[PDB]
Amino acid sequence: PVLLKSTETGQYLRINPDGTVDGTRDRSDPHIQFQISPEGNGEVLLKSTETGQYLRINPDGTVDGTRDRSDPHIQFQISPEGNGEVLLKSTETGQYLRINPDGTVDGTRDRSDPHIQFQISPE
């Protein structure tokens, strides 16, 4: 699995079993493990290793987990930023995943927001 870490706040993305999504600095939490899988030829899904839930950014900017494979709001594009950092962009809504200093996770279209930078790393 891989971990998805906010560069700015050092928080890892987590999908909780209740479907909520937040950030944590608890490296020991198995819920921070993700599988990145292909969706068609040019996109990915971000799936919780432990719960099987997919990350979703909803049109209203909320971010949650779902097991509804038919919802196109689970599709992402990973875009290299540098150096080693990437942005995680919802294809359906054009929003970037963001972890806020308070541990909340949401979406934004502000590409210059520093809280949208992630580093993907092997666990």
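Position 1 is the first residue in the sequence shown; the rest follow in order.
The question of which stretch, 20 to 28 or 102 to 110, has the higher mean Cα B factor is settled in favour of 20 to 28. Look at the C-alpha B-factors of 46 to 54 and of 33 to 41. On average they run higher in 33 to 41. Of the candidates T62, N83, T66, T93, it is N83 whose Cα B-factor is highest according to the PDB record. Placement of the Cα temperature factor of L88 within the chain: middle third of the modelled residues, per the deposited record.
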